[PDB]
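Engineer: Let me give you the structure first, and then I'll get to my questions.
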Amino acid sequence: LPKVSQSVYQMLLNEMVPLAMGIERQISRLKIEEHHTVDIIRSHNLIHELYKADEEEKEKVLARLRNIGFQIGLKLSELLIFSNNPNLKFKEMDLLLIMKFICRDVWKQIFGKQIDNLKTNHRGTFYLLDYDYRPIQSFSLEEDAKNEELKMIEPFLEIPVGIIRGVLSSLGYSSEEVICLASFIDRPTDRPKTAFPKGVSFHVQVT
Amino acid sequence: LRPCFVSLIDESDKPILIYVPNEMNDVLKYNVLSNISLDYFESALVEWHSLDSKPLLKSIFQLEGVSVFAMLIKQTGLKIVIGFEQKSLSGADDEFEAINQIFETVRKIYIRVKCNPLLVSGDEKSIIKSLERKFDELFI
Amino acid sequence: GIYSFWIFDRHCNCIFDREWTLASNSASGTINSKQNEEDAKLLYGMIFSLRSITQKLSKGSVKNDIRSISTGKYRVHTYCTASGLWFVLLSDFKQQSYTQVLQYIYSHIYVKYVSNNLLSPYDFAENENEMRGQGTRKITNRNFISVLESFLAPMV
Amino acid sequence: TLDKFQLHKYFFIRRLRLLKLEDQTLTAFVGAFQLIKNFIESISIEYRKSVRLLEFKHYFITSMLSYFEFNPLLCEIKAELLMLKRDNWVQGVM
């Protein structure tokens, strides 16, 4: 089956927060193609701008990026069901099977590693815990500016939330009974320390 | 093997497409047959596969000179119903496998059209047009 | 093992400085210190001048690049990429060449933690006025310094 | 044709006898309906060009209905079998 280099794919997948800020600014470095000038804005400047622009601007950008992730998950789910063919039913036998399918297949196909353990309250919310979170393994600012790090990577954490929300959609529950939130509250408990210090937790609730 | 009609229905019993590969009022007959077949899925009369996690083809029934098979996609809830003539079936095992293969091609076409990254959110007319031209390309 | 490590870019501006001392791994590592700004421009002048000499008298159809330059005491190991990013390294002799080491640095430290590090910039000369050797925007990425020190710790 | 007809009949009756017993056991009823549906499809599909097919079919269905006579499932099976009988009656008379 055909393949593509993982490096270029990860580079494209990281290149959504600069998209999300730049397109929003366009709705709201001069350069020539062949005869007409087009403005190009450097990618790294847009992450700074998204950090320090506005609360409503940030909310709009995050919603847009969540929509991108939703589309990715919605389109990917059908092909995964056609190929791997899990033992799920349409609406709900139990949410544990659905989340097990997501963990075993979706993260295997998108990222290079199976997502780690997951909590289960057995009635309400599910916590998906991921250690070292591949697409930001080489993301840093400064030796001292550590608190800025967590607050300014936060927009990058929306695309997997969108992916989970989309995969939940087209599988029964729609995007009105499902609320999902990402956070950095995870610790590197006992695994070897990687580049990035903090883990990722996906708090997803359905009803 | 030339199917008489191919019908696609979603979870919510909404027919996407009841295309017939063109007699003028046979569309009514085929659409009635599709409506009749729609209720067989939620019925204890027929035991669905539910084994090894593979879609299974079933000869759901035959009315008025149309042997009609159907497949249920338990994961998504999609429902394919396709009919054939009696005159064009010899009832061999290889024919059954071929019919399963044509069901697989239909499902492939449906998935590939739905995953088009220009469908806005739910514009049904575009889906009908795309599936219709694809089915014209295949069944010809 | 080694004595100091330098990184320049297309814009003739020194991007990284790391100076070592006696063979203790936790040496006097003054990173990006202003006190070595003087003895980096003339190193770049050496490398550019001898590179020009090498290209001028070259033959064939490859446009060769300088590999190493040895003085009486120390020697210089240099690796120049097509993107205009020079990796220089001062070291005592002790062994043939550091081409594999510099290639590994470029292909597993810089490329991983700077180019693929969208938080940080690239082509550090920004908006003119420092494109031609007059400026300082040296990298201070936590992962870059940490991993680089870990990699050069055995060799010193 | 004596090569395959009575062989089919004998195998079918032995199958419906030994495989399932009548009189309750709704799973047995479901499987019996499956068996008769497969058999009637098989005898209709590949004995075509037999001039007495439909005369056989109507009598076969109405005779086989007699066993389902003493719940919603049994009523639904009876209704489906009557529907097949009616459809073949129309296809012959027209």
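Naming works like this for the structure tokens: A, B, ... for the chains as they're shown, residue 1 at the start of each chain, ligands 1 onward in shown order.
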Could you go through chain A and tell me which residues DSSP, when run on the backbone, assigns to alpha helix (DSSP H), listing them as a PyMOL selection string?

Structural biologist: chain A and resi 6-14+17-27+43-51+55-83+95-101+107-110+147-153+158-168

Engineer: Using only C-alpha atoms and a cut-off of 7 Å, which residues of chain B sit close to chain D? Please list them as a ChimeraX atom specification.

Structural biologist: /B:45,63-64,86,90-91

Engineer: Store the residues picked out above, limited to N, CA, C and O atoms, as a PDB file, in the first residue's frame.

Structural biologist:
```
ATOM      1  N   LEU B  45     -36.737 -12.028  12.290  1.00  0.00           N
ATOM      2  CA  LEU B  45     -36.963 -13.055  11.280  1.00  0.00           C
ATOM      3  C   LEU B  45     -35.652 -13.516  10.658  1.00  0.00           C
ATOM      4  O   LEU B  45     -35.442 -14.717  10.459  1.00  0.00           O
ATOM      5  N   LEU B  63     -39.709 -10.555  -4.198  1.00  0.00           N
ATOM      6  CA  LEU B  63     -41.040 -10.220  -4.690  1.00  0.00           C
ATOM      7  C   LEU B  63     -40.971  -9.728  -6.126  1.00  0.00           C
ATOM      8  O   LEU B  63     -40.015  -9.057  -6.522  1.00  0.00           O
ATOM      9  N   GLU B  64     -42.026 -10.057  -6.871  1.00  0.00           N
ATOM     10  CA  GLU B  64     -42.315  -9.601  -8.234  1.00  0.00           C
ATOM     11  C   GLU B  64     -41.067  -9.597  -9.115  1.00  0.00           C
ATOM     12  O   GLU B  64     -40.622  -8.570  -9.628  1.00  0.00           O
ATOM     13  N   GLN B  86     -34.343 -12.611 -12.251  1.00  0.00           N
ATOM     14  CA  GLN B  86     -34.221 -14.063 -12.197  1.00  0.00           C
ATOM     15  C   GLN B  86     -33.598 -14.603 -13.476  1.00  0.00           C
ATOM     16  O   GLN B  86     -32.835 -15.576 -13.442  1.00  0.00           O
ATOM     17  N   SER B  90     -27.840 -17.750 -12.511  1.00  0.00           N
ATOM     18  CA  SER B  90     -27.784 -19.207 -12.550  1.00  0.00           C
ATOM     19  C   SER B  90     -27.668 -19.839 -11.166  1.00  0.00           C
ATOM     20  O   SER B  90     -27.639 -21.070 -11.069  1.00  0.00           O
ATOM     21  N   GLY B  91     -27.598 -19.040 -10.104  1.00  0.00           N
ATOM     22  CA  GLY B  91     -27.584 -19.572  -8.755  1.00  0.00           C
ATOM     23  C   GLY B  91     -26.377 -20.429  -8.433  1.00  0.00           C
ATOM     24  O   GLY B  91     -26.517 -21.505  -7.845  1.00  0.00           O
TER      25      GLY B  91
END
```

Engineer: Residues of region 32-132 of chain B that approach region 74-94 of chain A to 8 Å or less, counting only C-alpha atoms: could you list each one with the shortest pair of atoms and its distance in Å to one decimal, rows by chain and increasing residue number, as a Markdown table?

Structural biologist:
```
| residue | atom | partner | partner_atom | distance |
| --- | --- | --- | --- | --- |
| B:53 | CA | A:87 | CA | 5.8 |
| B:54 | CA | A:85 | CA | 7.2 |
| B:74 | CA | A:89 | CA | 5.3 |
| B:75 | CA | A:89 | CA | 4.7 |
| B:76 | CA | A:90 | CA | 5.5 |
| B:77 | CA | A:90 | CA | 5.8 |
| B:111 | CA | A:78 | CA | 7.1 |
| B:115 | CA | A:75 | CA | 5.5 |
```

Engineer: Set out as JSON lines a contact list for chain A and chain C with a cut-off of 9 Å, giving each residue of chain A that qualifies its closest atom pair and distance in Å to one decimal, counting only C-alpha atoms, ordered by chain and rising residue number.

Structural biologist:
```
{"residue": "A:11", "atom": "CA", "partner": "C:116", "partner_atom": "CA", "distance": 7.4}
{"residue": "A:14", "atom": "CA", "partner": "C:118", "partner_atom": "CA", "distance": 8.4}
{"residue": "A:15", "atom": "CA", "partner": "C:118", "partner_atom": "CA", "distance": 8.8}
{"residue": "A:29", "atom": "CA", "partner": "C:127", "partner_atom": "CA", "distance": 8.3}
{"residue": "A:42", "atom": "CA", "partner": "C:121", "partner_atom": "CA", "distance": 8.8}
{"residue": "A:43", "atom": "CA", "partner": "C:118", "partner_atom": "CA", "distance": 7.1}
{"residue": "A:44", "atom": "CA", "partner": "C:118", "partner_atom": "CA", "distance": 5.4}
{"residue": "A:45", "atom": "CA", "partner": "C:121", "partner_atom": "CA", "distance": 8.2}
{"residue": "A:47", "atom": "CA", "partner": "C:119", "partner_atom": "CA", "distance": 7.0}
{"residue": "A:48", "atom": "CA", "partner": "C:119", "partner_atom": "CA", "distance": 8.1}
{"residue": "A:136", "atom": "CA", "partner": "C:117", "partner_atom": "CA", "distance": 8.3}
{"residue": "A:137", "atom": "CA", "partner": "C:113", "partner_atom": "CA", "distance": 8.7}
{"residue": "A:138", "atom": "CA", "partner": "C:113", "partner_atom": "CA", "distance": 5.1}
{"residue": "A:139", "atom": "CA", "partner": "C:117", "partner_atom": "CA", "distance": 5.2}
{"residue": "A:140", "atom": "CA", "partner": "C:141", "partner_atom": "CA", "distance": 6.0}
{"residue": "A:141", "atom": "CA", "partner": "C:141", "partner_atom": "CA", "distance": 5.7}
{"residue": "A:142", "atom": "CA", "partner": "C:141", "partner_atom": "CA", "distance": 5.2}
{"residue": "A:143", "atom": "CA", "partner": "C:142", "partner_atom": "CA", "distance": 5.0}
{"residue": "A:144", "atom": "CA", "partner": "C:142", "partner_atom": "CA", "distance": 8.7}
{"residue": "A:152", "atom": "CA", "partner": "C:119", "partner_atom": "CA", "distance": 8.9}
{"residue": "A:153", "atom": "CA", "partner": "C:119", "partner_atom": "CA", "distance": 8.7}
{"residue": "A:195", "atom": "CA", "partner": "C:143", "partner_atom": "CA", "distance": 6.2}
{"residue": "A:196", "atom": "CA", "partner": "C:143", "partner_atom": "CA", "distance": 8.3}
```

Engineer: Would you put the residues from that selection into a file with C-alpha atoms, as a PDB file, in the first residue's frame?

Structural biologist:
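File written: part08.pdb
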```
ATOM      1  CA  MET A  11       5.331  19.305   9.467  1.00  0.00           C
ATOM      2  CA  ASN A  14       1.912  21.208  13.024  1.00  0.00           C
ATOM      3  CA  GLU A  15       1.165  23.902  10.413  1.00  0.00           C
ATOM      4  CA  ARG A  29       7.064  40.533   4.131  1.00  0.00           C
ATOM      5  CA  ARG A  42       6.437  34.268   9.107  1.00  0.00           C
ATOM      6  CA  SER A  43       5.019  31.200  10.814  1.00  0.00           C
ATOM      7  CA  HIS A  44       6.722  31.626  14.185  1.00  0.00           C
ATOM      8  CA  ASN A  45       5.476  35.210  14.553  1.00  0.00           C
ATOM      9  CA  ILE A  47       2.241  31.768  17.459  1.00  0.00           C
ATOM     10  CA  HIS A  48       3.496  34.798  19.405  1.00  0.00           C
ATOM     11  CA  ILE A 136       5.413  18.795  19.979  1.00  0.00           C
ATOM     12  CA  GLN A 137       8.480  16.799  21.018  1.00  0.00           C
ATOM     13  CA  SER A 138      10.767  19.573  19.653  1.00  0.00           C
ATOM     14  CA  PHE A 139       8.956  22.657  20.958  1.00  0.00           C
ATOM     15  CA  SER A 140      10.766  25.035  23.315  1.00  0.00           C
ATOM     16  CA  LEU A 141      11.390  28.718  24.058  1.00  0.00           C
ATOM     17  CA  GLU A 142      14.100  29.406  26.605  1.00  0.00           C
ATOM     18  CA  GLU A 143      15.906  27.995  29.622  1.00  0.00           C
ATOM     19  CA  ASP A 144      14.099  30.354  32.022  1.00  0.00           C
ATOM     20  CA  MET A 152       1.776  29.236  24.434  1.00  0.00           C
ATOM     21  CA  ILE A 153       1.636  25.589  23.272  1.00  0.00           C
ATOM     22  CA  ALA A 195      12.519  16.643  25.484  1.00  0.00           C
ATOM     23  CA  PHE A 196       9.117  18.052  26.398  1.00  0.00           C
TER      24      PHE A 196
END
```

Engineer: What's around residue 156 (chain C) at 6 Å? Count only C-alpha atoms, leave out sequence neighbours fewer than 3 positions away in its own chain, and write the answer as a list in words.

Structural biologist: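 Non-adjacent residues within range: residues 1, 2 and 23 of chain C.
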
Engineer: Assign secondary structure with DSSP using the backbone only, and return the residues of region 21-163 of chain A in strand (DSSP E) as a PyMOL selection string.

Structural biologist: chain A and resi 30-32+37-39+118-120+126-130

Engineer: Take the residues that were just selected and, keeping N, CA and C atoms, output them as an mmCIF file, in the first residue's frame.

Structural biologist:
```cif
data_model
loop_
_atom_site.group_PDB
_atom_site.id
_atom_site.type_symbol
_atom_site.label_atom_id
_atom_site.label_comp_id
_atom_site.auth_asym_id
_atom_site.auth_seq_id
_atom_site.Cartn_x
_atom_site.Cartn_y
_atom_site.Cartn_z
ATOM 1 N N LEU A 30 6.480 41.646 2.047
ATOM 2 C CA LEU A 30 5.873 41.766 0.733
ATOM 3 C C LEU A 30 6.647 40.913 -0.263
ATOM 4 N N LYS A 31 5.919 40.348 -1.219
ATOM 5 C CA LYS A 31 6.458 39.317 -2.088
ATOM 6 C C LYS A 31 5.627 39.253 -3.358
ATOM 7 N N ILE A 32 6.292 38.896 -4.461
ATOM 8 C CA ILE A 32 5.706 38.842 -5.802
ATOM 9 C C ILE A 32 5.573 37.384 -6.230
ATOM 10 N N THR A 37 1.660 41.468 -5.993
ATOM 11 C CA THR A 37 2.321 41.305 -4.708
ATOM 12 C C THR A 37 1.390 40.617 -3.715
ATOM 13 N N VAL A 38 1.948 39.689 -2.938
ATOM 14 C CA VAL A 38 1.237 38.981 -1.880
ATOM 15 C C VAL A 38 2.022 39.129 -0.586
ATOM 16 N N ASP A 39 1.296 39.350 0.505
ATOM 17 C CA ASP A 39 1.899 39.483 1.825
ATOM 18 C C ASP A 39 2.092 38.098 2.432
ATOM 19 N N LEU A 118 -5.861 4.769 30.202
ATOM 20 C CA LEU A 118 -7.021 5.649 30.254
ATOM 21 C C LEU A 118 -7.836 5.337 31.499
ATOM 22 N N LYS A 119 -8.306 6.381 32.177
ATOM 23 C CA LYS A 119 -9.163 6.198 33.336
ATOM 24 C C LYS A 119 -10.588 5.889 32.886
ATOM 25 N N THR A 120 -11.422 5.506 33.850
ATOM 26 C CA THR A 120 -12.815 5.177 33.558
ATOM 27 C C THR A 120 -13.617 5.336 34.843
ATOM 28 N N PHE A 126 -14.447 10.180 30.536
ATOM 29 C CA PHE A 126 -13.280 9.349 30.288
ATOM 30 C C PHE A 126 -12.054 10.244 30.171
ATOM 31 N N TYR A 127 -10.940 9.781 30.733
ATOM 32 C CA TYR A 127 -9.658 10.468 30.640
ATOM 33 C C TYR A 127 -8.719 9.618 29.801
ATOM 34 N N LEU A 128 -8.207 10.195 28.717
ATOM 35 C CA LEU A 128 -7.187 9.564 27.888
ATOM 36 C C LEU A 128 -5.862 10.247 28.177
ATOM 37 N N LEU A 129 -4.877 9.463 28.602
ATOM 38 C CA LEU A 129 -3.596 9.975 29.061
ATOM 39 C C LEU A 129 -2.519 9.584 28.063
ATOM 40 N N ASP A 130 -1.796 10.580 27.554
ATOM 41 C CA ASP A 130 -0.747 10.382 26.564
ATOM 42 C C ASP A 130 0.553 10.980 27.078
#
```

Engineer: Using only C-alpha atoms, which residues sit within 8 Å of residue 180 (chain A) once same-chain residues fewer than 2 positions away are excluded, as an MDAnalysis selection string?

Structural biologist: chainID A and resid 161 165 178 182 202:205

Engineer: Write the residues of the preceding selection, restricted to N, CA and C atoms, as a compact mmCIF listing (two decimals), in the first residue's frame.

Structural biologist:
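The file below, out-v1.txt, is the result:
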```
# COMPACT_ATOMS: atom_id res chain seq x y z
N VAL A 161 -8.15 17.07 20.00
CA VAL A 161 -9.49 17.20 20.55
C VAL A 161 -10.51 17.18 19.42
N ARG A 165 -13.39 14.35 18.81
CA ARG A 165 -14.78 14.77 18.67
C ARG A 165 -15.37 14.30 17.35
N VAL A 178 -21.39 15.77 23.53
CA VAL A 178 -19.99 15.45 23.79
C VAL A 178 -19.23 16.74 24.01
N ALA A 182 -8.59 19.42 26.47
CA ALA A 182 -7.21 19.00 26.65
C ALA A 182 -6.53 19.85 27.72
N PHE A 202 -6.63 14.14 27.87
CA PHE A 202 -7.85 14.48 27.13
C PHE A 202 -9.05 14.10 27.98
N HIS A 203 -9.69 15.11 28.57
CA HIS A 203 -10.88 14.92 29.39
C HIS A 203 -12.10 15.02 28.48
N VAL A 204 -12.68 13.87 28.14
CA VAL A 204 -13.80 13.79 27.21
C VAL A 204 -15.00 13.26 27.97
N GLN A 205 -16.12 13.97 27.86
CA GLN A 205 -17.36 13.66 28.57
C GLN A 205 -18.47 13.51 27.55
```

Engineer: May I ask which of the residues A:72, A:168, A:100, A:199 is the closest one to residue 133 (chain A), counting only C-alpha atoms?

Structural biologist: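 Selected residue with least distance to residue 133 (chain A): A:199.
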
Engineer: Please identify all polymer residues within 12 Å of region 15-17 of chain B, counting only C-alpha atoms, omitting same-chain residues fewer than 5 positions from it, and present them as a PyMOL selection string.

Structural biologist: chain B and resi 5-10+30-31+34-35+38+78-82+106+110+114+122-132+135
